[PDB]
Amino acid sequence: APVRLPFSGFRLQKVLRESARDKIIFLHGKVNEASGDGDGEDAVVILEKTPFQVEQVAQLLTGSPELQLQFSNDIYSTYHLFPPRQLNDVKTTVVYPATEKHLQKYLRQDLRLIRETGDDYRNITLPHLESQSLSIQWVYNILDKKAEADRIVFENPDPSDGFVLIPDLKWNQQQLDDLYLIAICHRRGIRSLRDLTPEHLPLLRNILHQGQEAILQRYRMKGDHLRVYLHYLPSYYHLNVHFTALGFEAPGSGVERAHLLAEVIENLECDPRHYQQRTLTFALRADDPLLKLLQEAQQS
């Protein structure tokens, strides 16, 4: 049965980000303005065109589609095609209420690289962690079985080395070409790559190997078809591991943010304090006060 948006009204305030490459748009709206004090609340709505399902397209092309001709020369032609309902799914994500930090995170990237030494992290980034971080209530809801419980693909229930593997928020689950799952560990308080020590080795291994094996069983997708990594910086500071189809150029899979789990494990095995001592490189928005702070300590 069809539902509604979880608020009334949407009045556009700002296009936060738009891209013709992946055909996505991120909108900041005011919602629920006819109640209470009348100022309404902030919501983010993300709309993304979906990947094609090849069998449905071939079936369309076999018939008489609704078309307009845009270009035509000799053996080459371009049309505008207007498919029937089934091919028209738009993937819609809603963040509501959206905080100021959400609004900042999605906004128009003017990004800059920074190389963060271990000491920068300990002295500058860690103390200012709160401002970088979004609520992880959603993570607790999965781990506590209060949301997404029927989406769990695999769970190792061990309170220290265990994890839950679920389809990622970004994936609409309708085809395997952009397969994307997230694994969140049961153990609390591992903020990021920086907290990782050899004590986490059994946890990391179970994520990598039991995650791959669960994906093989559920989706028939082999491990050499997967690109499995974490982000630094993450947006949610509870360790989370992304399992993506290798054939999908996943957004956020760039060398300036993604770190392969197999390699994180081998670094820990070669070098116990690798993630507390070494320098990690990532991108921050140009006006991010953390950037300013990090730049300042990099001469002063």
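The first residue of the shown sequence is 1; numbering continues from there.
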| item | value |
| --- | --- |
| Higher-B stretch (mean Cα B-factor, as the entry records it), 102 to 110 or 225 to 233 | 102 to 110 |
| Residue stretch of maximal mean CA temperature factor, 17 to 25 vs 272 to 280 | 272 to 280 |
| Candidate set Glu66, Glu48, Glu263, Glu41 [ranked by C-alpha B-factor, highest] | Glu66 |
| Largest Cα B-factor, entry values, listed residues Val255, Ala34, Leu61, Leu239 | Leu61 |
| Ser192 by Cα B-factor - lowest, middle or highest third of the modelled chain | middle |
| Third of the chain, ranked by Cα B-factor, where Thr117 sits | highest |
| Modelled-residue ranking by C-alpha temperature factor, third containing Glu213 | lowest |
| Chain-relative CA temperature factor third for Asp74 | highest |
| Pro97 CA temperature factor, ranked by third within the chain | middle |
